[PDB]
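Have a look at run_22.txt below; it lists compact mmCIF, N, CA, C and O atoms.
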# COMPACT_ATOMS: atom_id res chain seq x y z
N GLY P 1 -45.74 -4.26 -20.55
CA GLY P 1 -46.98 -3.46 -20.68
C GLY P 1 -47.06 -2.35 -19.65
O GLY P 1 -46.68 -1.22 -19.93
N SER P 2 -47.57 -2.67 -18.47
CA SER P 2 -47.72 -1.69 -17.42
C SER P 2 -46.40 -1.46 -16.69
O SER P 2 -46.21 -0.45 -16.01
N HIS P 3 -45.49 -2.42 -16.82
CA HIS P 3 -44.17 -2.32 -16.20
C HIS P 3 -43.23 -1.50 -17.08
O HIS P 3 -43.17 -1.73 -18.29
N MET P 4 -42.48 -0.57 -16.50
CA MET P 4 -41.55 0.26 -17.26
C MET P 4 -40.12 0.04 -16.76
O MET P 4 -39.91 -0.18 -15.57
N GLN P 5 -39.17 -0.01 -17.69
CA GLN P 5 -37.77 -0.23 -17.36
C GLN P 5 -37.11 1.02 -16.79
O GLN P 5 -37.42 2.14 -17.19
N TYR P 6 -36.21 0.80 -15.84
CA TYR P 6 -35.41 1.87 -15.24
C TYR P 6 -33.96 1.41 -15.14
O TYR P 6 -33.70 0.23 -14.88
N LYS P 7 -33.02 2.31 -15.38
CA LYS P 7 -31.61 1.96 -15.35
C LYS P 7 -30.93 2.49 -14.10
O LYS P 7 -31.44 3.38 -13.42
N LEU P 8 -29.75 1.95 -13.84
CA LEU P 8 -28.91 2.43 -12.76
C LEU P 8 -27.44 2.30 -13.15
O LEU P 8 -27.05 1.32 -13.78
N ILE P 9 -26.65 3.31 -12.80
CA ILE P 9 -25.22 3.27 -13.04
C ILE P 9 -24.50 3.56 -11.74
O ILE P 9 -24.77 4.59 -11.10
N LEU P 10 -23.67 2.63 -11.29
CA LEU P 10 -22.93 2.84 -10.05
C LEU P 10 -21.55 3.37 -10.37
O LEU P 10 -20.64 2.61 -10.72
N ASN P 11 -21.41 4.68 -10.33
CA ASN P 11 -20.12 5.29 -10.59
C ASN P 11 -19.35 5.36 -9.29
O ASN P 11 -19.47 6.33 -8.54
N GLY P 12 -18.63 4.30 -9.00
CA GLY P 12 -17.83 4.27 -7.79
C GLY P 12 -16.37 4.03 -8.10
O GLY P 12 -15.95 4.09 -9.25
N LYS P 13 -15.58 3.87 -7.06
CA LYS P 13 -14.16 3.60 -7.24
C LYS P 13 -13.85 2.09 -7.19
O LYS P 13 -13.33 1.54 -8.15
N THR P 14 -14.22 1.40 -6.11
CA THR P 14 -13.98 -0.04 -6.03
C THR P 14 -15.26 -0.81 -6.38
O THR P 14 -15.31 -2.04 -6.32
N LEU P 15 -16.26 -0.06 -6.82
CA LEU P 15 -17.56 -0.62 -7.18
C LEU P 15 -18.09 0.10 -8.41
O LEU P 15 -18.53 1.25 -8.32
N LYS P 16 -17.97 -0.53 -9.56
CA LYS P 16 -18.42 0.07 -10.80
C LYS P 16 -19.19 -0.96 -11.62
O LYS P 16 -18.73 -2.08 -11.80
N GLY P 17 -20.36 -0.56 -12.08
CA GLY P 17 -21.19 -1.45 -12.85
C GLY P 17 -22.51 -0.80 -13.21
O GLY P 17 -22.76 0.34 -12.81
N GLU P 18 -23.35 -1.51 -13.95
CA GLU P 18 -24.65 -1.00 -14.34
C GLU P 18 -25.69 -2.10 -14.16
O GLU P 18 -25.34 -3.27 -14.09
N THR P 19 -26.95 -1.71 -14.05
CA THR P 19 -28.02 -2.68 -13.87
C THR P 19 -29.35 -2.08 -14.33
O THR P 19 -29.43 -0.90 -14.66
N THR P 20 -30.39 -2.91 -14.34
CA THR P 20 -31.70 -2.49 -14.79
C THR P 20 -32.79 -3.12 -13.93
O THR P 20 -32.65 -4.26 -13.46
N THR P 21 -33.90 -2.42 -13.74
CA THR P 21 -35.00 -2.93 -12.94
C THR P 21 -36.33 -2.55 -13.57
O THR P 21 -36.39 -1.64 -14.40
N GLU P 22 -37.37 -3.30 -13.23
CA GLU P 22 -38.70 -3.04 -13.75
C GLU P 22 -39.65 -2.62 -12.62
O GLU P 22 -39.72 -3.28 -11.58
N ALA P 23 -40.37 -1.52 -12.82
CA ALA P 23 -41.28 -1.00 -11.79
C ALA P 23 -42.40 -0.19 -12.44
O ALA P 23 -42.36 0.05 -13.64
N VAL P 24 -43.45 0.12 -11.68
CA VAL P 24 -44.54 0.95 -12.20
C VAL P 24 -44.47 2.39 -11.67
O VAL P 24 -45.28 3.24 -12.05
N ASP P 25 -43.49 2.67 -10.80
CA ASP P 25 -43.35 4.00 -10.22
C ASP P 25 -41.90 4.44 -10.33
O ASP P 25 -41.00 3.60 -10.38
N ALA P 26 -41.67 5.74 -10.31
CA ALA P 26 -40.31 6.26 -10.33
C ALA P 26 -39.72 6.21 -8.92
O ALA P 26 -38.56 5.84 -8.74
N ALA P 27 -40.54 6.56 -7.93
CA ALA P 27 -40.13 6.54 -6.54
C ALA P 27 -39.78 5.12 -6.09
O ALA P 27 -38.82 4.92 -5.35
N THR P 28 -40.55 4.15 -6.57
CA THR P 28 -40.30 2.75 -6.24
C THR P 28 -38.99 2.27 -6.86
O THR P 28 -38.25 1.50 -6.25
N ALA P 29 -38.65 2.82 -8.03
CA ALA P 29 -37.43 2.42 -8.72
C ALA P 29 -36.23 2.92 -7.94
O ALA P 29 -35.19 2.27 -7.87
N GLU P 30 -36.42 4.08 -7.33
CA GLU P 30 -35.42 4.68 -6.49
C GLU P 30 -35.20 3.80 -5.26
O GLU P 30 -34.14 3.21 -5.09
N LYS P 31 -36.26 3.66 -4.48
CA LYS P 31 -36.24 2.92 -3.22
C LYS P 31 -35.64 1.51 -3.35
O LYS P 31 -34.84 1.10 -2.51
N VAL P 32 -36.00 0.79 -4.41
CA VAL P 32 -35.48 -0.56 -4.63
C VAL P 32 -33.98 -0.53 -4.91
O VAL P 32 -33.21 -1.30 -4.32
N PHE P 33 -33.56 0.39 -5.75
CA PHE P 33 -32.15 0.51 -6.11
C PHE P 33 -31.32 1.09 -4.96
O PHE P 33 -30.11 0.89 -4.92
N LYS P 34 -31.95 1.81 -4.04
CA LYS P 34 -31.23 2.38 -2.91
C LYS P 34 -30.75 1.27 -2.00
O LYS P 34 -29.62 1.28 -1.53
N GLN P 35 -31.61 0.28 -1.80
CA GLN P 35 -31.28 -0.90 -1.01
C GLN P 35 -30.23 -1.72 -1.75
O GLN P 35 -29.36 -2.35 -1.15
N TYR P 36 -30.29 -1.66 -3.07
CA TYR P 36 -29.35 -2.36 -3.93
C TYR P 36 -27.96 -1.72 -3.82
O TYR P 36 -26.95 -2.39 -3.58
N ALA P 37 -27.92 -0.40 -3.97
CA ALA P 37 -26.67 0.36 -3.90
C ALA P 37 -26.13 0.35 -2.46
O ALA P 37 -24.92 0.32 -2.25
N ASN P 38 -27.05 0.35 -1.50
CA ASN P 38 -26.73 0.33 -0.07
C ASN P 38 -25.78 -0.81 0.28
O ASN P 38 -24.72 -0.59 0.88
N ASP P 39 -26.14 -2.02 -0.14
CA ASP P 39 -25.36 -3.21 0.18
C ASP P 39 -24.04 -3.24 -0.58
O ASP P 39 -23.21 -4.14 -0.38
N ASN P 40 -23.84 -2.28 -1.47
CA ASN P 40 -22.61 -2.17 -2.22
C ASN P 40 -21.80 -0.97 -1.73
O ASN P 40 -20.72 -0.68 -2.25
N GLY P 41 -22.32 -0.30 -0.70
CA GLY P 41 -21.64 0.85 -0.14
C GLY P 41 -21.64 2.05 -1.06
O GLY P 41 -20.78 2.92 -0.93
N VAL P 42 -22.60 2.11 -1.97
CA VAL P 42 -22.66 3.20 -2.91
C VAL P 42 -23.86 4.10 -2.65
O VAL P 42 -25.01 3.66 -2.70
N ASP P 43 -23.56 5.34 -2.35
CA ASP P 43 -24.57 6.37 -2.17
C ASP P 43 -23.96 7.68 -2.63
O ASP P 43 -22.76 7.90 -2.44
N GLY P 44 -24.74 8.53 -3.27
CA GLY P 44 -24.19 9.74 -3.83
C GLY P 44 -25.28 10.66 -4.35
O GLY P 44 -26.45 10.43 -4.08
N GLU P 45 -24.88 11.71 -5.05
CA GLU P 45 -25.84 12.64 -5.65
C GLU P 45 -26.70 11.89 -6.65
O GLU P 45 -26.24 11.51 -7.73
N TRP P 46 -27.94 11.60 -6.25
CA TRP P 46 -28.86 10.87 -7.06
C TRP P 46 -29.42 11.73 -8.19
O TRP P 46 -30.28 12.58 -7.97
N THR P 47 -28.87 11.54 -9.37
CA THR P 47 -29.28 12.28 -10.55
C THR P 47 -30.22 11.43 -11.41
O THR P 47 -30.19 10.20 -11.34
N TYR P 48 -31.06 12.08 -12.21
CA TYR P 48 -32.03 11.35 -13.03
C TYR P 48 -32.32 12.09 -14.32
O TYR P 48 -32.32 13.32 -14.34
N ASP P 49 -32.53 11.34 -15.40
CA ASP P 49 -32.88 11.94 -16.69
C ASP P 49 -34.20 11.33 -17.16
O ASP P 49 -34.36 10.11 -17.14
N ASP P 50 -35.14 12.17 -17.58
CA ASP P 50 -36.50 11.69 -17.90
C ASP P 50 -36.55 11.09 -19.30
O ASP P 50 -37.48 10.35 -19.63
N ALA P 51 -35.54 11.35 -20.11
CA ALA P 51 -35.53 10.86 -21.48
C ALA P 51 -35.21 9.37 -21.55
O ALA P 51 -35.80 8.64 -22.34
N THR P 52 -34.32 8.90 -20.69
CA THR P 52 -33.89 7.51 -20.74
C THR P 52 -34.27 6.70 -19.50
O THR P 52 -34.05 5.49 -19.47
N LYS P 53 -34.88 7.35 -18.50
CA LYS P 53 -35.26 6.67 -17.24
C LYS P 53 -34.03 6.09 -16.55
O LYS P 53 -34.08 5.03 -15.93
N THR P 54 -32.94 6.84 -16.62
CA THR P 54 -31.67 6.39 -16.08
C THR P 54 -31.37 7.05 -14.73
O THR P 54 -31.17 8.26 -14.66
N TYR P 55 -31.38 6.25 -13.67
CA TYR P 55 -31.00 6.75 -12.35
C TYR P 55 -29.48 6.65 -12.22
O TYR P 55 -28.91 5.58 -12.44
N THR P 56 -28.84 7.76 -11.91
CA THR P 56 -27.39 7.78 -11.82
C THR P 56 -26.94 8.13 -10.40
O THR P 56 -27.27 9.19 -9.87
N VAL P 57 -26.20 7.21 -9.78
CA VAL P 57 -25.69 7.43 -8.44
C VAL P 57 -24.17 7.53 -8.49
O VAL P 57 -23.46 6.56 -8.79
N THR P 58 -23.67 8.74 -8.34
CA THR P 58 -22.25 9.00 -8.43
C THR P 58 -21.63 9.09 -7.04
O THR P 58 -22.11 9.84 -6.20
N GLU P 59 -20.61 8.28 -6.81
CA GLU P 59 -19.94 8.24 -5.52
C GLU P 59 -19.00 9.44 -5.37
O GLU P 59 -17.86 9.40 -5.84
N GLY P 60 -19.51 10.54 -4.83
CA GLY P 60 -18.70 11.73 -4.65
C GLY P 60 -19.48 12.98 -4.98
O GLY P 60 -20.62 12.90 -5.45
N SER P 61 -18.89 14.14 -4.73
CA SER P 61 -19.56 15.40 -5.00
C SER P 61 -18.69 16.26 -5.91
O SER P 61 -19.21 17.05 -6.71
N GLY P 62 -17.38 16.09 -5.81
CA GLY P 62 -16.47 16.85 -6.63
C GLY P 62 -15.08 16.24 -6.66
O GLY P 62 -14.86 15.18 -6.06
N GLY P 63 -14.15 16.89 -7.34
CA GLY P 63 -12.80 16.40 -7.43
C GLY P 63 -11.79 17.40 -6.91
O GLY P 63 -10.69 17.03 -6.50
N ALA P 64 -12.19 18.68 -6.93
CA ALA P 64 -11.36 19.78 -6.45
C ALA P 64 -10.15 20.00 -7.36
O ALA P 64 -10.03 19.38 -8.43
N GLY P 65 -9.30 20.94 -6.97
CA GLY P 65 -8.11 21.24 -7.74
C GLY P 65 -7.17 20.06 -7.85
O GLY P 65 -6.95 19.33 -6.88
N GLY P 66 -6.63 19.85 -9.04
CA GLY P 66 -5.73 18.74 -9.27
C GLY P 66 -4.29 19.06 -8.92
O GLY P 66 -3.47 18.16 -8.76
N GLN P 67 -3.98 20.34 -8.82
CA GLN P 67 -2.63 20.76 -8.49
C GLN P 67 -2.67 22.04 -7.66
O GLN P 67 -3.47 22.94 -7.93
N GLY P 68 -1.80 22.12 -6.67
CA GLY P 68 -1.75 23.26 -5.78
C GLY P 68 -1.35 22.86 -4.39
O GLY P 68 -1.94 23.30 -3.40
N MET P 69 -0.31 22.03 -4.30
CA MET P 69 0.14 21.50 -3.01
C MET P 69 1.02 22.50 -2.27
O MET P 69 2.25 22.34 -2.22
N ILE P 70 0.39 23.56 -1.77
CA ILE P 70 1.06 24.61 -0.99
C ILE P 70 2.30 25.15 -1.71
O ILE P 70 3.42 24.68 -1.49
N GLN P 71 2.11 26.10 -2.62
CA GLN P 71 3.23 26.67 -3.35
C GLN P 71 3.21 28.19 -3.26
O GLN P 71 3.88 28.89 -4.02
N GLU P 72 2.48 28.68 -2.28
CA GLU P 72 2.33 30.11 -2.09
C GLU P 72 3.05 30.57 -0.82
O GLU P 72 3.34 29.74 0.05
N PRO P 73 3.39 31.87 -0.72
CA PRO P 73 4.09 32.43 0.44
C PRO P 73 3.18 32.59 1.66
O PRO P 73 2.00 32.24 1.62
N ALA P 74 3.77 33.16 2.72
CA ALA P 74 3.09 33.40 3.99
C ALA P 74 2.82 32.09 4.73
O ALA P 74 3.17 31.01 4.26
N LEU P 75 2.24 32.20 5.92
CA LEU P 75 1.93 31.03 6.73
C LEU P 75 0.48 30.60 6.52
O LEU P 75 -0.43 31.43 6.53
N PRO P 76 0.24 29.29 6.34
CA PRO P 76 -1.10 28.75 6.17
C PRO P 76 -1.84 28.67 7.51
O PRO P 76 -1.21 28.72 8.57
N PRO P 77 -3.18 28.65 7.47
CA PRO P 77 -4.02 28.56 8.68
C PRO P 77 -3.54 27.50 9.67
O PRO P 77 -3.31 26.35 9.29
N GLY P 78 -3.42 27.89 10.93
CA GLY P 78 -2.96 26.96 11.96
C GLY P 78 -1.44 26.77 12.05
O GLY P 78 -0.98 25.93 12.82
N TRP P 79 -0.66 27.51 11.25
CA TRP P 79 0.80 27.39 11.31
C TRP P 79 1.43 28.61 11.98
O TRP P 79 0.96 29.74 11.79
N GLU P 80 2.48 28.40 12.76
CA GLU P 80 3.21 29.50 13.37
C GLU P 80 4.70 29.37 13.05
O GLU P 80 5.27 28.28 13.19
N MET P 81 5.31 30.45 12.61
CA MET P 81 6.74 30.46 12.35
C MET P 81 7.41 31.36 13.37
O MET P 81 7.26 32.58 13.32
N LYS P 82 8.11 30.77 14.33
CA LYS P 82 8.71 31.55 15.39
C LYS P 82 10.15 31.09 15.60
O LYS P 82 10.51 29.99 15.19
N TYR P 83 10.98 31.96 16.16
CA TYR P 83 12.39 31.64 16.34
C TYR P 83 12.72 31.51 17.82
O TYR P 83 12.04 32.09 18.67
N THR P 84 13.74 30.72 18.13
CA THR P 84 14.20 30.57 19.50
C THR P 84 15.08 31.77 19.86
O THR P 84 15.41 32.57 18.98
N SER P 85 15.50 31.88 21.11
CA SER P 85 16.28 33.04 21.56
C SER P 85 17.73 33.02 21.04
O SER P 85 18.56 33.84 21.43
N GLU P 86 18.01 32.10 20.12
CA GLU P 86 19.34 31.99 19.54
C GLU P 86 19.25 32.17 18.02
O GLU P 86 20.26 32.12 17.32
N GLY P 87 18.04 32.41 17.53
CA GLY P 87 17.84 32.62 16.11
C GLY P 87 17.54 31.34 15.35
O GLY P 87 17.58 31.32 14.12
N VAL P 88 17.24 30.27 16.07
CA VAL P 88 16.91 28.99 15.44
C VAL P 88 15.45 29.00 15.00
O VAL P 88 14.57 29.46 15.73
N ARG P 89 15.20 28.50 13.80
CA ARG P 89 13.87 28.51 13.20
C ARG P 89 13.09 27.24 13.54
O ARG P 89 13.54 26.14 13.24
N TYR P 90 11.92 27.40 14.14
CA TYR P 90 11.06 26.25 14.43
C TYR P 90 9.62 26.57 14.06
O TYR P 90 9.23 27.74 14.00
N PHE P 91 8.81 25.54 13.78
CA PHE P 91 7.42 25.75 13.41
C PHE P 91 6.50 25.13 14.46
O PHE P 91 6.90 24.24 15.21
N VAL P 92 5.27 25.61 14.51
CA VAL P 92 4.31 25.12 15.48
C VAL P 92 3.04 24.64 14.78
O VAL P 92 2.33 25.44 14.17
N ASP P 93 2.79 23.34 14.83
CA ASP P 93 1.54 22.78 14.28
C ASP P 93 0.42 23.09 15.27
O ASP P 93 0.20 22.33 16.20
N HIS P 94 -0.23 24.24 15.12
CA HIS P 94 -1.28 24.65 16.06
C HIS P 94 -2.54 23.82 15.85
O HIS P 94 -3.44 23.83 16.69
N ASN P 95 -2.57 23.07 14.77
CA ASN P 95 -3.69 22.21 14.44
C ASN P 95 -3.72 21.00 15.37
O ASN P 95 -4.79 20.56 15.79
N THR P 96 -2.55 20.49 15.71
CA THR P 96 -2.44 19.35 16.60
C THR P 96 -1.79 19.77 17.92
O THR P 96 -1.74 18.99 18.88
N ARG P 97 -1.33 21.01 17.95
CA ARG P 97 -0.64 21.60 19.10
C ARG P 97 0.62 20.83 19.44
O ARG P 97 0.68 20.04 20.38
N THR P 98 1.61 21.03 18.58
CA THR P 98 2.91 20.41 18.73
C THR P 98 3.96 21.26 18.01
O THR P 98 3.61 22.16 17.24
N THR P 99 5.23 21.01 18.28
CA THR P 99 6.31 21.74 17.63
C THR P 99 6.95 20.86 16.55
O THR P 99 7.08 19.65 16.73
N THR P 100 7.34 21.46 15.42
CA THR P 100 7.94 20.71 14.33
C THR P 100 8.98 21.56 13.60
O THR P 100 8.82 22.77 13.47
N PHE P 101 10.09 20.96 13.22
CA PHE P 101 11.12 21.68 12.49
C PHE P 101 10.95 21.45 10.99
O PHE P 101 11.31 20.39 10.48
N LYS P 102 10.34 22.40 10.31
CA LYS P 102 10.11 22.30 8.89
C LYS P 102 10.82 23.42 8.13
O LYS P 102 10.31 24.53 8.03
N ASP P 103 12.03 23.13 7.68
CA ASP P 103 12.81 24.10 6.92
C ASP P 103 13.13 23.53 5.54
O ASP P 103 13.30 22.31 5.41
N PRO P 104 13.13 24.37 4.49
CA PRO P 104 13.43 23.93 3.13
C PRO P 104 14.86 23.40 2.97
O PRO P 104 15.19 22.79 1.95
N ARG P 105 15.71 23.66 3.96
CA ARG P 105 17.09 23.20 3.90
C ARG P 105 17.25 21.96 4.79
O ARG P 105 17.22 22.08 6.01
N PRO P 106 17.43 20.75 4.20
CA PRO P 106 17.57 19.54 5.00
C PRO P 106 18.96 19.45 5.64
O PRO P 106 19.96 19.69 4.97
N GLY P 107 19.00 19.18 6.94
CA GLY P 107 20.27 19.13 7.65
C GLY P 107 20.89 20.51 7.86
O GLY P 107 21.90 20.62 8.55
N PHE P 108 20.28 21.55 7.27
CA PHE P 108 20.77 22.94 7.40
C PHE P 108 22.11 23.06 6.67
O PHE P 108 22.96 23.88 7.03
N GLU P 109 22.23 22.26 5.60
CA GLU P 109 23.41 22.21 4.72
C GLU P 109 24.72 22.30 5.49
O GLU P 109 24.98 21.39 6.31
In structure tokens, how does this file's structure come out?
Amino acid sequence: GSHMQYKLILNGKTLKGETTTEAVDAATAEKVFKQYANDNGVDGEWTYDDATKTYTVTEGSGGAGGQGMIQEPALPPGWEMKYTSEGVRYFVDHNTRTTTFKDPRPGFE
């Protein structure tokens, strides 16, 4: 009667499931399910649809590009390509501040 049903969907990776709760407020339905999702380690962009009273908590914000593992020329941010006084090629991880030998030729053929 005075109680209205509300849904929840936990779109997570190691935590996936659905549930339902009864409340007289929308804010209360949120707050109760937040404590519910909390103990499951699920928090995310809290979306809602007024047609179905479905609260949707998605674990994440985006997925980003699926392919593009550094396949472009030039040096990437924080990288230095410098040579020794003998013409030997070495790289500098300025991100961690260390030297590293990263050449496309393994063993220098």
Note to self: So that I can see what lies close to segment 83-85 of chain P, please list as a PyMOL selection string the residues with an atom at most 12 Å from it, counting only C-alpha atoms and leaving out residues fewer than 3 positions away in the same chain.
What the structure shows: chain P and resi 80+88-92+99-101
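The gap separating atom O of residue 7 of chain P from atom O of residue 41 of chain P is 16.4 Å, in Å to one decimal.
Considering only N, CA, C and O atoms, the residue among P:36, P:105, P:42, P:25 positioned nearest to residue 57 of chain P is P:42.
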Notebook entry, point to check: How many Å separate atom CA of residue 87 of chain P from atom C of residue 69 of chain P?
Noted result: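 Computed distance, atom CA of residue 87 of chain P to atom C of residue 69 of chain P, equals 26.9 Å.
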Checklist line | Separation of atom CA of residue 81 of chain P from atom CA of residue 93 of chain P in Å | finding: 9.5 Å
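All residues of chain P that DSSP, run on the backbone, classes as helix (DSSP H, G or I) are residues 26, 27, 28, 29, 30, 31, 32, 33, 34, 35, 36, 37, 38, 106, 107 and 108 of chain P.
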Margin query: as a ChimeraX atom specification, please: the residues near residue 40 of chain P (cut-off 8 Å, all atoms listed in the file, same-chain neighbours under 2 positions excluded).
Written below: /P:12,14-16,33-38,42-43
Notebook entry, point to check: Taking all atoms listed in the file into account, which of P:24, P:64, P:74, P:51 comes nearest residue 3 of chain P?
Noted result: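 Using all atoms listed in the file, the shortest distance to residue 3 of chain P belongs to P:24.
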Checklist line | Which of P:11, P:17, P:39, P:28 sits closest to residue 60 of chain P [using only C-alpha atoms] | finding: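 Comparing P:11, P:17, P:39, P:28 against residue 60 of chain P, the winner is P:11.
Counting only C-alpha atoms, the residue from P:4, P:10, P:70, P:75 that sits nearest to residue 22 of chain P is P:4.
Counting all atoms listed in the file, the residue from P:76, P:104, P:1, P:65 that sits nearest to residue 23 of chain P is P:1.
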Item checked: strand (DSSP E) per DSSP on the backbone: members of segment 22-93 of chain P, as a list in words -> residues 22, 23, 45, 46, 47, 48, 49, 54, 55, 56, 57, 58, 79, 80, 81, 82, 83, 89, 90, 91, 92 and 93 of chain P
